[PDB]
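Engineer:
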Amino acid sequence: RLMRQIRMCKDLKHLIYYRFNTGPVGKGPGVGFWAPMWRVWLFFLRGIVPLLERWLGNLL
RNA sequence: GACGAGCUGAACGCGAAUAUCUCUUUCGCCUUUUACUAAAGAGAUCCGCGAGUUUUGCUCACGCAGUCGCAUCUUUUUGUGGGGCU
């Protein structure tokens with residue numbers, strides 16, 4: 661299901677890269693605006709912490 | 001007629017951020033089950049959050065103190081007095 665975090669981070673990347681390189685800034689490494697995708701994965705992790713504690717407690 | 005920062009307790013309650021899961025169905029992947037899609041609903045959970053005195057921990061601070069058991073010219077507190085008739 662974390663294909664939706666991956667699709668969301670891909671959309672976030674398209675938007676940020678488009679709005680970032682406008683002008684002479686161009687087309688490569690160098691964009692480090694990471695808080696949008698960071699918070700995508702933080703939401704993933706908050707929601708999956710209970711599921712994974714269950715699964716790992718069951719494994720244990 | 002009058003005074004808080006930080007923690008754990010409060011017991012009541014969901015500005016703007018939102019992820020996961022379960023169930024009942026439909027739809028799509030399609031050999032099967034997981035693992036998934038996207039619709040309808042019904043339910044949970046997570047990560048957090050606000051105010052009341054409880055004080056624990058100040059490292060701040062106090063009591064003749066800011067407050068006590070409208071003030072003379074025609075319209076208001078400077079009144080028009082005095083007498084006497086049924």
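Reading the first sequence from the start, the letters are residues 661 to 720 in the authors' numbering. In this text, a Cβ means the ideal position worked out from N, Cα and C, and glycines have one as well.
Excluding the 5 residues flanking residue 627 on each side, which residues of the same chain have their C-beta closer than 7 Å to its C-beta?
Structural biologist: Residue 627 lies beyond the stretch modelled for the chain, which goes from 661 to 720, so this question has no answer here.
Engineer: Would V700 and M663 be called neighbours here (beta carbons separated by less than 8 Å)?
Structural biologist: no
Engineer: Based on Cα-Cα distance, which residue from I708, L716, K673 lies nearest to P689?
Structural biologist: It is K673.
Engineer: From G717 to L705, what does the alpha carbon distance come to, in whole angstroms?
Structural biologist: 17 Å
Engineer: Kindly list the residues whose CB is nearer than 7 Å to the CB of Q665, restricted to its own chain and excluding five residues on each side of it in sequence; keep chain order.
Structural biologist: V700, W701, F704
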